[PDB]
2 protein chains.
Amino acid sequence: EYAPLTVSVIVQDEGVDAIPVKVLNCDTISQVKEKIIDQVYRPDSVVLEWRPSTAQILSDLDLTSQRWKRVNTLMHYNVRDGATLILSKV
Amino acid sequence: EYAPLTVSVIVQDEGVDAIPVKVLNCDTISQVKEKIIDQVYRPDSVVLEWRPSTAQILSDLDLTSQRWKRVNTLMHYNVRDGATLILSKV
Ligand code: NA
């Protein structure tokens with residue numbers, strides 16, 4: 001099943017408040033990044049991280065991808081409603 | 001709004017019947033291709049085409065992409081419920 005969820009986005013080293021972003025569990029990471037950018041600034045240059053003790057970079061295709069490698073969604077990483085994400089540029 | 005739809009997949013030059021595949025309008029092309037491959041054979045090596053007079057290759061990122069370029073979904077191309085798609089390899 002596909003369903004909406006909200007993530008809380010921290011813009012790294014900017015000292016600003018976390019920004020809520022409405023995303024879908026079936027959104028690929030690139031779709032998540034586009035929704036974040038649209039919201040925050042109302043994808044190749046930006047990095048998205050999550051800390052479920054060890055910080056993890058979220059990407060469409062990485063070494064964790066379902067294995068031919070299947071595109072990662074928030075559902076793949078098991079990112080749940082309310083999760084904190086970190087956005088950084090360059 | 002996000003919603004399901006079924007596409008009818010023709011496996012090019014194999015002389016076989018069209019295969020129905022359940023997809024989502026918010027599925028990127030790579031997500032669509034994965035669902036097609038899972039169904040047909042129960043993404044980089046496969047090509048997906050649609051004929052709304054002129055045949056068009058469907059891809060995550062192409063020259064038609066929303067312009068930084070946003071990832072294509074079936075919703076982007078305006079592929080509706082029942083649409084015929086053509087799958088070819090190499
Ligand atoms: Na999606």
# chains A, B, ... in the order shown; residues from 1 in each chain; ligands from 1
$ residues_near_ligand --ligand "ligand 1" --cutoff "7 Å" --atoms "only C-alpha atoms and all ligand atoms" --output "JSON, numbers by chain"
{"A": [26, 27, 28, 31], "B": [26, 27, 28, 31]}
$ calpha_fit_and_write --fixed "chain B" --moving "chain A" --output "mmCIF file with N, CA and C atoms, in the first residue's frame"
data_model
loop_
_atom_site.group_PDB
_atom_site.id
_atom_site.type_symbol
_atom_site.label_atom_id
_atom_site.label_comp_id
_atom_site.auth_asym_id
_atom_site.auth_seq_id
_atom_site.Cartn_x
_atom_site.Cartn_y
_atom_site.Cartn_z
ATOM 1 N N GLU A 1 -3.350 14.518 -6.812
ATOM 2 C CA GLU A 1 -3.744 13.219 -6.273
ATOM 3 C C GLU A 1 -3.032 12.065 -6.970
ATOM 4 N N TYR A 2 -2.656 11.040 -6.185
ATOM 5 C CA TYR A 2 -2.009 9.818 -6.673
ATOM 6 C C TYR A 2 -3.104 8.751 -6.794
ATOM 7 N N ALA A 3 -3.036 7.906 -7.852
ATOM 8 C CA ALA A 3 -4.032 6.867 -8.124
ATOM 9 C C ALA A 3 -3.473 5.712 -8.971
ATOM 10 N N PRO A 4 -3.998 4.469 -8.806
ATOM 11 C CA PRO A 4 -3.536 3.367 -9.667
ATOM 12 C C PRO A 4 -4.119 3.440 -11.078
ATOM 13 N N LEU A 5 -3.476 2.735 -11.999
ATOM 14 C CA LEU A 5 -3.892 2.572 -13.392
ATOM 15 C C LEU A 5 -3.240 1.304 -13.938
ATOM 16 N N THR A 6 -3.823 0.746 -14.984
ATOM 17 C CA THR A 6 -3.290 -0.435 -15.637
ATOM 18 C C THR A 6 -2.857 -0.028 -17.035
ATOM 19 N N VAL A 7 -1.679 -0.478 -17.415
ATOM 20 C CA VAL A 7 -1.162 -0.298 -18.769
ATOM 21 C C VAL A 7 -1.148 -1.671 -19.442
ATOM 22 N N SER A 8 -1.205 -1.711 -20.759
ATOM 23 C CA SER A 8 -1.177 -2.960 -21.499
ATOM 24 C C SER A 8 0.191 -3.036 -22.211
ATOM 25 N N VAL A 9 1.030 -4.019 -21.826
ATOM 26 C CA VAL A 9 2.402 -4.132 -22.319
ATOM 27 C C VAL A 9 2.565 -5.147 -23.449
ATOM 28 N N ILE A 10 3.102 -4.664 -24.585
ATOM 29 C CA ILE A 10 3.426 -5.466 -25.744
ATOM 30 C C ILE A 10 4.949 -5.694 -25.722
ATOM 31 N N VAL A 11 5.351 -6.966 -25.718
ATOM 32 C CA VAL A 11 6.762 -7.339 -25.768
ATOM 33 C C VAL A 11 7.121 -7.383 -27.262
ATOM 34 N N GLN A 12 7.898 -6.383 -27.711
ATOM 35 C CA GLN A 12 8.255 -6.173 -29.113
ATOM 36 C C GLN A 12 8.882 -7.385 -29.805
ATOM 37 N N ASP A 13 8.360 -7.680 -31.016
ATOM 38 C CA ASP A 13 8.768 -8.735 -31.947
ATOM 39 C C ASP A 13 8.701 -10.177 -31.372
ATOM 40 N N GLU A 14 8.071 -10.374 -30.194
ATOM 41 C CA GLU A 14 7.943 -11.710 -29.598
ATOM 42 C C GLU A 14 6.656 -12.431 -30.029
ATOM 43 N N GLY A 15 5.738 -11.710 -30.676
ATOM 44 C CA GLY A 15 4.463 -12.253 -31.145
ATOM 45 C C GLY A 15 3.609 -12.849 -30.030
ATOM 46 N N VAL A 16 3.574 -12.199 -28.873
ATOM 47 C CA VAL A 16 2.810 -12.682 -27.723
ATOM 48 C C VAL A 16 1.698 -11.677 -27.356
ATOM 49 N N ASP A 17 0.736 -12.119 -26.548
ATOM 50 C CA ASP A 17 -0.361 -11.249 -26.139
ATOM 51 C C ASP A 17 0.103 -10.148 -25.217
ATOM 52 N N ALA A 18 -0.574 -8.981 -25.312
ATOM 53 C CA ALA A 18 -0.347 -7.839 -24.414
ATOM 54 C C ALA A 18 -0.578 -8.292 -22.968
ATOM 55 N N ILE A 19 0.294 -7.836 -22.056
ATOM 56 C CA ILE A 19 0.310 -8.165 -20.631
ATOM 57 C C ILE A 19 -0.174 -6.946 -19.819
ATOM 58 N N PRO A 20 -1.240 -7.094 -18.991
ATOM 59 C CA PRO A 20 -1.693 -5.967 -18.137
ATOM 60 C C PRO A 20 -0.751 -5.776 -16.953
ATOM 61 N N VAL A 21 -0.383 -4.520 -16.644
ATOM 62 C CA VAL A 21 0.507 -4.236 -15.521
ATOM 63 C C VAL A 21 -0.090 -3.122 -14.673
ATOM 64 N N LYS A 22 -0.269 -3.390 -13.376
ATOM 65 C CA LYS A 22 -0.796 -2.396 -12.455
ATOM 66 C C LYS A 22 0.343 -1.483 -12.004
ATOM 67 N N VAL A 23 0.191 -0.183 -12.297
ATOM 68 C CA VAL A 23 1.168 0.870 -11.966
ATOM 69 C C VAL A 23 0.469 2.047 -11.249
ATOM 70 N N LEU A 24 1.242 3.061 -10.820
ATOM 71 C CA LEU A 24 0.692 4.249 -10.160
ATOM 72 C C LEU A 24 1.031 5.441 -11.020
ATOM 73 N N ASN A 25 0.208 6.474 -10.996
ATOM 74 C CA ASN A 25 0.453 7.695 -11.778
ATOM 75 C C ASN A 25 1.704 8.460 -11.263
ATOM 76 N N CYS A 26 2.057 8.280 -9.984
ATOM 77 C CA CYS A 26 3.240 8.904 -9.374
ATOM 78 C C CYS A 26 4.504 7.987 -9.476
ATOM 79 N N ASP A 27 4.402 6.838 -10.177
ATOM 80 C CA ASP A 27 5.562 5.974 -10.399
ATOM 81 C C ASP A 27 6.436 6.663 -11.411
ATOM 82 N N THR A 28 7.731 6.748 -11.122
ATOM 83 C CA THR A 28 8.662 7.267 -12.120
ATOM 84 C C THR A 28 8.757 6.201 -13.195
ATOM 85 N N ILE A 29 9.386 6.530 -14.331
ATOM 86 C CA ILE A 29 9.506 5.553 -15.386
ATOM 87 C C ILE A 29 10.277 4.334 -14.910
ATOM 88 N N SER A 30 11.363 4.512 -14.132
ATOM 89 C CA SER A 30 12.123 3.363 -13.609
ATOM 90 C C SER A 30 11.254 2.469 -12.733
ATOM 91 N N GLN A 31 10.328 3.054 -11.943
ATOM 92 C CA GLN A 31 9.411 2.272 -11.107
ATOM 93 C C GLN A 31 8.436 1.524 -11.988
ATOM 94 N N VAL A 32 7.981 2.167 -13.081
ATOM 95 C CA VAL A 32 7.050 1.548 -14.014
ATOM 96 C C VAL A 32 7.786 0.327 -14.625
ATOM 97 N N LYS A 33 9.005 0.533 -15.147
ATOM 98 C CA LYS A 33 9.804 -0.545 -15.765
ATOM 99 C C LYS A 33 10.013 -1.743 -14.836
ATOM 100 N N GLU A 34 10.296 -1.502 -13.536
ATOM 101 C CA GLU A 34 10.468 -2.587 -12.557
ATOM 102 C C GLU A 34 9.193 -3.420 -12.410
ATOM 103 N N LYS A 35 8.033 -2.754 -12.375
ATOM 104 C CA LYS A 35 6.733 -3.428 -12.241
ATOM 105 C C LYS A 35 6.404 -4.213 -13.489
ATOM 106 N N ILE A 36 6.808 -3.688 -14.668
ATOM 107 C CA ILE A 36 6.609 -4.346 -15.938
ATOM 108 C C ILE A 36 7.454 -5.608 -15.980
ATOM 109 N N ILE A 37 8.766 -5.493 -15.638
ATOM 110 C CA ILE A 37 9.704 -6.623 -15.670
ATOM 111 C C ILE A 37 9.227 -7.741 -14.718
ATOM 112 N N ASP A 38 8.811 -7.400 -13.490
ATOM 113 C CA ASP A 38 8.307 -8.369 -12.503
ATOM 114 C C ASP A 38 7.124 -9.140 -13.024
ATOM 115 N N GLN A 39 6.217 -8.431 -13.717
ATOM 116 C CA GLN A 39 4.974 -8.963 -14.258
ATOM 117 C C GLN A 39 5.259 -9.842 -15.482
ATOM 118 N N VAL A 40 5.913 -9.279 -16.506
ATOM 119 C CA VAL A 40 6.239 -9.951 -17.773
ATOM 120 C C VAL A 40 7.149 -11.183 -17.564
ATOM 121 N N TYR A 41 8.186 -11.089 -16.709
ATOM 122 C CA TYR A 41 9.124 -12.203 -16.547
ATOM 123 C C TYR A 41 8.970 -13.010 -15.247
ATOM 124 N N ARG A 42 7.761 -13.008 -14.622
ATOM 125 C CA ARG A 42 7.409 -13.758 -13.395
ATOM 126 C C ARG A 42 8.088 -15.135 -13.321
ATOM 127 N N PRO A 43 16.093 -2.788 -16.271
ATOM 128 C CA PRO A 43 15.605 -1.433 -16.570
ATOM 129 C C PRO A 43 16.541 -0.633 -17.489
ATOM 130 N N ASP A 44 17.874 -0.841 -17.369
ATOM 131 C CA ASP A 44 18.898 -0.189 -18.205
ATOM 132 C C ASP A 44 18.991 -0.906 -19.553
ATOM 133 N N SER A 45 18.745 -2.224 -19.539
ATOM 134 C CA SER A 45 18.745 -3.088 -20.712
ATOM 135 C C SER A 45 17.396 -3.051 -21.445
ATOM 136 N N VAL A 46 16.318 -2.489 -20.823
ATOM 137 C CA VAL A 46 14.991 -2.471 -21.454
ATOM 138 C C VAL A 46 14.561 -1.060 -21.862
ATOM 139 N N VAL A 47 13.770 -0.987 -22.930
ATOM 140 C CA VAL A 47 13.247 0.261 -23.474
ATOM 141 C C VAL A 47 11.733 0.200 -23.346
ATOM 142 N N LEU A 48 11.115 1.329 -22.995
ATOM 143 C CA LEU A 48 9.677 1.438 -22.868
ATOM 144 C C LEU A 48 9.202 2.548 -23.792
ATOM 145 N N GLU A 49 8.257 2.225 -24.671
ATOM 146 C CA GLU A 49 7.673 3.131 -25.664
ATOM 147 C C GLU A 49 6.152 3.182 -25.570
ATOM 148 N N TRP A 50 5.583 4.294 -26.013
ATOM 149 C CA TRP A 50 4.152 4.577 -25.993
ATOM 150 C C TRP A 50 3.806 5.266 -27.317
ATOM 151 N N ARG A 51 2.588 5.048 -27.859
ATOM 152 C CA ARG A 51 2.207 5.699 -29.116
ATOM 153 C C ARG A 51 0.902 6.520 -28.949
ATOM 154 N N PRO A 52 0.969 7.732 -28.335
ATOM 155 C CA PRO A 52 -0.254 8.548 -28.201
ATOM 156 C C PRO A 52 -0.748 9.106 -29.542
ATOM 157 N N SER A 53 0.126 9.176 -32.883
ATOM 158 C CA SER A 53 0.698 8.940 -34.205
ATOM 159 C C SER A 53 2.215 8.729 -34.159
ATOM 160 N N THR A 54 2.924 9.489 -33.298
ATOM 161 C CA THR A 54 4.374 9.381 -33.139
ATOM 162 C C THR A 54 4.719 8.613 -31.866
ATOM 163 N N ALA A 55 5.565 7.565 -31.994
ATOM 164 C CA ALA A 55 6.010 6.744 -30.863
ATOM 165 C C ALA A 55 6.991 7.523 -30.017
ATOM 166 N N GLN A 56 6.828 7.449 -28.698
ATOM 167 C CA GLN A 56 7.688 8.171 -27.771
ATOM 168 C C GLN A 56 8.311 7.228 -26.748
ATOM 169 N N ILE A 57 9.642 7.304 -26.572
ATOM 170 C CA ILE A 57 10.395 6.568 -25.539
ATOM 171 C C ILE A 57 10.092 7.236 -24.207
ATOM 172 N N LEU A 58 9.721 6.429 -23.202
ATOM 173 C CA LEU A 58 9.473 6.920 -21.844
ATOM 174 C C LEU A 58 10.727 6.725 -21.018
ATOM 175 N N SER A 59 11.159 7.791 -20.346
ATOM 176 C CA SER A 59 12.342 7.748 -19.499
ATOM 177 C C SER A 59 12.231 8.678 -18.320
ATOM 178 N N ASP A 60 12.955 8.364 -17.225
ATOM 179 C CA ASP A 60 12.956 9.196 -16.019
ATOM 180 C C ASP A 60 13.325 10.623 -16.376
ATOM 181 N N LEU A 61 14.446 10.796 -17.086
ATOM 182 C CA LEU A 61 14.920 12.112 -17.481
ATOM 183 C C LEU A 61 15.165 12.108 -18.953
ATOM 184 N N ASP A 62 14.505 13.034 -19.662
ATOM 185 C CA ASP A 62 14.652 13.225 -21.095
ATOM 186 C C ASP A 62 14.491 14.713 -21.418
ATOM 187 N N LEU A 63 14.463 15.055 -22.710
ATOM 188 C CA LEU A 63 14.350 16.430 -23.191
ATOM 189 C C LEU A 63 12.963 17.043 -22.929
ATOM 190 N N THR A 64 11.954 16.196 -22.628
ATOM 191 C CA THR A 64 10.594 16.647 -22.323
ATOM 192 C C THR A 64 10.425 16.958 -20.848
ATOM 193 N N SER A 65 11.363 16.497 -19.976
ATOM 194 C CA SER A 65 11.301 16.653 -18.511
ATOM 195 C C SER A 65 11.024 18.089 -18.063
ATOM 196 N N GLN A 66 10.231 18.234 -16.981
ATOM 197 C CA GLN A 66 9.850 19.522 -16.407
ATOM 198 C C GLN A 66 11.094 20.303 -16.003
ATOM 199 N N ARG A 67 11.235 21.510 -16.571
ATOM 200 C CA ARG A 67 12.373 22.403 -16.378
ATOM 201 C C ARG A 67 11.940 23.723 -15.747
ATOM 202 N N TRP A 68 17.889 22.636 -13.973
ATOM 203 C CA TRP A 68 17.290 21.554 -13.185
ATOM 204 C C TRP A 68 16.113 20.906 -13.928
ATOM 205 N N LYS A 69 16.127 19.558 -14.008
ATOM 206 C CA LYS A 69 15.106 18.739 -14.673
ATOM 207 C C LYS A 69 14.469 17.757 -13.691
ATOM 208 N N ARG A 70 13.127 17.804 -13.585
ATOM 209 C CA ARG A 70 12.319 16.954 -12.708
ATOM 210 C C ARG A 70 12.049 15.578 -13.332
ATOM 211 N N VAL A 71 12.088 14.531 -12.484
ATOM 212 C CA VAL A 71 11.897 13.140 -12.889
ATOM 213 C C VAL A 71 10.473 12.923 -13.447
ATOM 214 N N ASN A 72 10.415 12.229 -14.574
ATOM 215 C CA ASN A 72 9.182 11.906 -15.282
ATOM 216 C C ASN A 72 8.421 10.774 -14.624
ATOM 217 N N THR A 73 7.110 10.933 -14.548
ATOM 218 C CA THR A 73 6.193 9.897 -14.073
ATOM 219 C C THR A 73 5.228 9.635 -15.239
ATOM 220 N N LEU A 74 4.317 8.644 -15.131
ATOM 221 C CA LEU A 74 3.317 8.445 -16.194
ATOM 222 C C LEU A 74 2.395 9.670 -16.314
ATOM 223 N N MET A 75 2.127 10.331 -15.175
ATOM 224 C CA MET A 75 1.355 11.561 -15.034
ATOM 225 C C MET A 75 2.002 12.676 -15.888
ATOM 226 N N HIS A 76 3.371 12.765 -15.900
ATOM 227 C CA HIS A 76 4.105 13.751 -16.708
ATOM 228 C C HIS A 76 3.777 13.620 -18.218
ATOM 229 N N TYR A 77 3.854 12.395 -18.757
ATOM 230 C CA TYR A 77 3.584 12.089 -20.167
ATOM 231 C C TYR A 77 2.094 12.128 -20.513
ATOM 232 N N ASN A 78 1.228 12.062 -19.484
ATOM 233 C CA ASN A 78 -0.235 12.022 -19.559
ATOM 234 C C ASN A 78 -0.691 10.642 -20.076
ATOM 235 N N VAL A 79 -0.045 9.570 -19.567
ATOM 236 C CA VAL A 79 -0.378 8.178 -19.864
ATOM 237 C C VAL A 79 -1.589 7.866 -18.973
ATOM 238 N N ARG A 80 -2.739 7.556 -19.580
ATOM 239 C CA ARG A 80 -3.973 7.285 -18.832
ATOM 240 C C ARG A 80 -4.246 5.788 -18.704
ATOM 241 N N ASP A 81 -5.199 5.410 -17.842
ATOM 242 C CA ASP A 81 -5.642 4.033 -17.610
ATOM 243 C C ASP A 81 -6.006 3.365 -18.951
ATOM 244 N N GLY A 82 -5.438 2.186 -19.196
ATOM 245 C CA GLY A 82 -5.690 1.422 -20.413
ATOM 246 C C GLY A 82 -4.669 1.592 -21.516
ATOM 247 N N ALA A 83 -3.796 2.613 -21.417
ATOM 248 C CA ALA A 83 -2.767 2.919 -22.420
ATOM 249 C C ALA A 83 -1.894 1.716 -22.788
ATOM 250 N N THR A 84 -1.531 1.612 -24.067
ATOM 251 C CA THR A 84 -0.687 0.539 -24.579
ATOM 252 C C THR A 84 0.796 0.965 -24.556
ATOM 253 N N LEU A 85 1.661 0.146 -23.929
ATOM 254 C CA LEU A 85 3.102 0.410 -23.877
ATOM 255 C C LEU A 85 3.851 -0.693 -24.579
ATOM 256 N N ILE A 86 5.022 -0.379 -25.128
ATOM 257 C CA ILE A 86 5.836 -1.343 -25.881
ATOM 258 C C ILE A 86 7.174 -1.522 -25.167
ATOM 259 N N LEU A 87 7.513 -2.768 -24.822
ATOM 260 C CA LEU A 87 8.741 -3.140 -24.129
ATOM 261 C C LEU A 87 9.650 -3.879 -25.087
ATOM 262 N N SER A 88 10.909 -3.430 -25.170
ATOM 263 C CA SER A 88 11.943 -4.035 -26.015
ATOM 264 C C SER A 88 13.225 -4.068 -25.217
ATOM 265 N N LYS A 89 14.112 -5.005 -25.529
ATOM 266 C CA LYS A 89 15.370 -5.161 -24.806
ATOM 267 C C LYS A 89 16.568 -4.758 -25.678
ATOM 268 N N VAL A 90 17.731 -4.515 -25.027
ATOM 269 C CA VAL A 90 19.019 -4.117 -25.607
ATOM 270 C C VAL A 90 18.930 -2.709 -26.172
#
$ select_by_dssp --residues "chain B" --states "strand (DSSP E)" --output "VMD selection string"
chain B and resid 4 to 11 19 to 24 46 to 50 56 to 57 84 to 89
$ select_by_dssp --residues "chain B" --states "helix (DSSP H, G or I)" --output "list in words"
residues 29, 30, 31, 32, 33, 34, 35, 36, 37, 38, 39, 40, 74, 75, 76 and 77 of chain B
$ write_last_selection --atoms "N, CA, C and O atoms" --output "compact mmCIF listing (two decimals), in the first residue's frame"
# COMPACT_ATOMS: atom_id res chain seq x y z
N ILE B 29 9.39 6.53 -14.33
CA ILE B 29 9.51 5.55 -15.39
C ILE B 29 10.28 4.33 -14.91
O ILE B 29 9.85 3.23 -15.23
N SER B 30 11.36 4.51 -14.13
CA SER B 30 12.12 3.36 -13.61
C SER B 30 11.25 2.47 -12.73
O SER B 30 11.39 1.26 -12.81
N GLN B 31 10.33 3.05 -11.94
CA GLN B 31 9.41 2.27 -11.11
C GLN B 31 8.44 1.52 -11.99
O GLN B 31 8.06 0.40 -11.67
N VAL B 32 7.98 2.17 -13.08
CA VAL B 32 7.05 1.55 -14.01
C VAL B 32 7.79 0.33 -14.63
O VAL B 32 7.28 -0.79 -14.52
N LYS B 33 9.01 0.53 -15.15
CA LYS B 33 9.80 -0.55 -15.77
C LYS B 33 10.01 -1.74 -14.84
O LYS B 33 9.88 -2.88 -15.30
N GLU B 34 10.30 -1.50 -13.54
CA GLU B 34 10.47 -2.59 -12.56
C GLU B 34 9.19 -3.42 -12.41
O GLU B 34 9.27 -4.64 -12.28
N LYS B 35 8.03 -2.75 -12.37
CA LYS B 35 6.73 -3.43 -12.24
C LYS B 35 6.40 -4.21 -13.49
O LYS B 35 5.82 -5.29 -13.38
N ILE B 36 6.81 -3.69 -14.67
CA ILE B 36 6.61 -4.35 -15.94
C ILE B 36 7.45 -5.61 -15.98
O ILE B 36 6.90 -6.68 -16.26
N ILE B 37 8.77 -5.49 -15.64
CA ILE B 37 9.70 -6.62 -15.67
C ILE B 37 9.23 -7.74 -14.72
O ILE B 37 9.19 -8.89 -15.13
N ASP B 38 8.81 -7.40 -13.49
CA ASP B 38 8.31 -8.37 -12.50
C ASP B 38 7.12 -9.14 -13.02
O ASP B 38 7.00 -10.33 -12.73
N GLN B 39 6.22 -8.43 -13.72
CA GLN B 39 4.97 -8.96 -14.26
C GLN B 39 5.26 -9.84 -15.48
O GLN B 39 4.92 -11.02 -15.47
N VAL B 40 5.91 -9.28 -16.51
CA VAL B 40 6.24 -9.95 -17.77
C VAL B 40 7.15 -11.18 -17.56
O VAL B 40 6.89 -12.22 -18.17
N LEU B 74 4.32 8.64 -15.13
CA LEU B 74 3.32 8.45 -16.19
C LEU B 74 2.40 9.67 -16.31
O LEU B 74 2.00 10.04 -17.42
N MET B 75 2.13 10.33 -15.17
CA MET B 75 1.35 11.56 -15.03
C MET B 75 2.00 12.68 -15.89
O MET B 75 1.27 13.42 -16.56
N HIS B 76 3.37 12.76 -15.90
CA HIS B 76 4.11 13.75 -16.71
C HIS B 76 3.78 13.62 -18.22
O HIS B 76 3.48 14.62 -18.87
N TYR B 77 3.85 12.40 -18.76
CA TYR B 77 3.58 12.09 -20.17
C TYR B 77 2.09 12.13 -20.51
O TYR B 77 1.74 12.23 -21.69
$ decode --residues "segment 8-29 of chain B" --atoms "C-alpha atoms" --output "PDB file, in the first residue's frame"
ATOM      1  CA  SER B   8      -1.177  -2.960 -21.499  1.00  0.00           C
ATOM      2  CA  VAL B   9       2.402  -4.132 -22.319  1.00  0.00           C
ATOM      3  CA  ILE B  10       3.426  -5.466 -25.744  1.00  0.00           C
ATOM      4  CA  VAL B  11       6.762  -7.339 -25.768  1.00  0.00           C
ATOM      5  CA  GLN B  12       8.255  -6.174 -29.113  1.00  0.00           C
ATOM      6  CA  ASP B  13       8.768  -8.735 -31.947  1.00  0.00           C
ATOM      7  CA  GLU B  14       7.943 -11.710 -29.598  1.00  0.00           C
ATOM      8  CA  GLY B  15       4.463 -12.253 -31.145  1.00  0.00           C
ATOM      9  CA  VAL B  16       2.810 -12.682 -27.723  1.00  0.00           C
ATOM     10  CA  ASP B  17      -0.361 -11.249 -26.139  1.00  0.00           C
ATOM     11  CA  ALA B  18      -0.347  -7.839 -24.414  1.00  0.00           C
ATOM     12  CA  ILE B  19       0.310  -8.166 -20.631  1.00  0.00           C
ATOM     13  CA  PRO B  20      -1.693  -5.967 -18.137  1.00  0.00           C
ATOM     14  CA  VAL B  21       0.506  -4.236 -15.521  1.00  0.00           C
ATOM     15  CA  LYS B  22      -0.796  -2.396 -12.455  1.00  0.00           C
ATOM     16  CA  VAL B  23       1.167   0.870 -11.966  1.00  0.00           C
ATOM     17  CA  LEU B  24       0.692   4.249 -10.159  1.00  0.00           C
ATOM     18  CA  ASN B  25       0.453   7.695 -11.778  1.00  0.00           C
ATOM     19  CA  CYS B  26       3.239   8.904  -9.374  1.00  0.00           C
ATOM     20  CA  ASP B  27       5.562   5.974 -10.399  1.00  0.00           C
ATOM     21  CA  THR B  28       8.662   7.267 -12.120  1.00  0.00           C
ATOM     22  CA  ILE B  29       9.506   5.553 -15.386  1.00  0.00           C
TER      23      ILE B  29
END
